[PDB]
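Okay, so here's just one chain, in structure tokens, the form deposited in one PDB entry.
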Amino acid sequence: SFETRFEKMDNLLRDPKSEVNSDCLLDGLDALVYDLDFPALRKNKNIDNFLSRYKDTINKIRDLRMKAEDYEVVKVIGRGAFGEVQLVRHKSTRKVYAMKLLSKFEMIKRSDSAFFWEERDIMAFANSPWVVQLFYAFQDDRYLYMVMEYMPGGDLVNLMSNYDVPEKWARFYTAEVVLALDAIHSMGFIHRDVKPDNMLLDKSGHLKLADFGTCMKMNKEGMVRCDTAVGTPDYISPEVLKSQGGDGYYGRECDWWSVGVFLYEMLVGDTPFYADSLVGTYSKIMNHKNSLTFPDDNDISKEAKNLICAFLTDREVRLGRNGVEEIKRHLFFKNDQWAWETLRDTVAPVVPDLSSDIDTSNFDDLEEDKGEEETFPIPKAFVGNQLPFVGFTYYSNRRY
């Protein structure tokens, strides 16, 4: 019909998950103008005329759409790998966010993942109190921008370094991770990189999973076929670490191994497979049968050791192989201050005391500023460097 087609086209122009919605189309044009505005390309009449035909148009667009100078940077609160995270206040709305910058040139400089799609998809659609929420995602010719919610309570690395964690706290934080990972699994993902660095606390001190860069979609039988290893040396499971080109076929059990590593560290103060060099940790992980020991200290309850050992074993016998409910039924979690279905409604072990909406006391101080880093080299022929980032924008077509 002449109307069905008009409607079906309109479903593709609106759907927040359409590859051709208003966001993706405004990006597609925006990418082209960027990837053509070079003197060596302006020699072509078509390219030259098109840019001048759209010059006044494309500027009005870039002024109306969400851009970087719409935000007032308060302080940098994290940096490294492919950019930095900074506490920002939206100049217009005065609302406070945590904005993550991703270097386009750096990611294209051999990263082999295009991982940001998974992270953008989860944070924007998870709709879970256990997941850090994405509000806006925009871009330019140099950086990707993820406007997430601010977590003023800081991460779990900061918490463990300032407190000798008692069991009551450990049980709480382990249980919040178990529920958080269960929510991620329900969406159809294996996290593959569970660690205190990725665990952030809100203004009440409740846990949320942040950064889903290593996330991959599970198949029908809930497995992942990956030939190269992914994760962190201390928290990586034996099967993901040895995962070879032979198969590299593992389930969600790898996430529960990392939860056990997380629990061990909270109580002992060290990683279960620590060594002098990085390569030593590796031999100790493969040898978890004989390397996993508890230091002589009478403060780790029987149930704590039981749970850690149930998580820190081979995939075939590992706790959590028979679903999440058997982890919840474990005696370590048996307490009298909360229940699983009402856990995130109870008072947290460490409620943070905040001075203002911009209180960054729980984040270690950094220099900021930098000095505008190097991006893509100026093309001599049409390269199309902005094409792999078309549709990353989450602004015009977002879910409400």
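We call the rigid core the largest set of C-alpha positions that still match within 1.5 Å between the two forms. All residue numbers refer to positions in the sequence shown, first residue = 1.
A second form of this protein, the form deposited in another entry, is not displayed here; the remarks below concern that form.
For the residues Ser111, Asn127, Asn287, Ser204, superposed on the rigid core between this form and the one not shown, a C-alpha shift of 2 angstroms or more shows up only at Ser111. Taking 2 Å as the criterion, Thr346 does not count as shifted between this form and the one not shown: its C-alpha moves by less than this amount when the rigid core is aligned. When the rigid core is held fixed, the Cα atom of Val157 travels less than 2 angstroms between this form and the one not shown. After superposition on the rigid core, the Cα of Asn335 moves by less than 2 Å between this form and the one not shown. Three angstroms is the minimum change: in that other deposited form, the CA atoms of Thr228 and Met199 sit closer than in this structure, by 3 Å or more.
Relative to this form, the distance between the C-alpha atoms of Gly231 and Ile308 is increased by at least 3 angstroms in that other deposited form.
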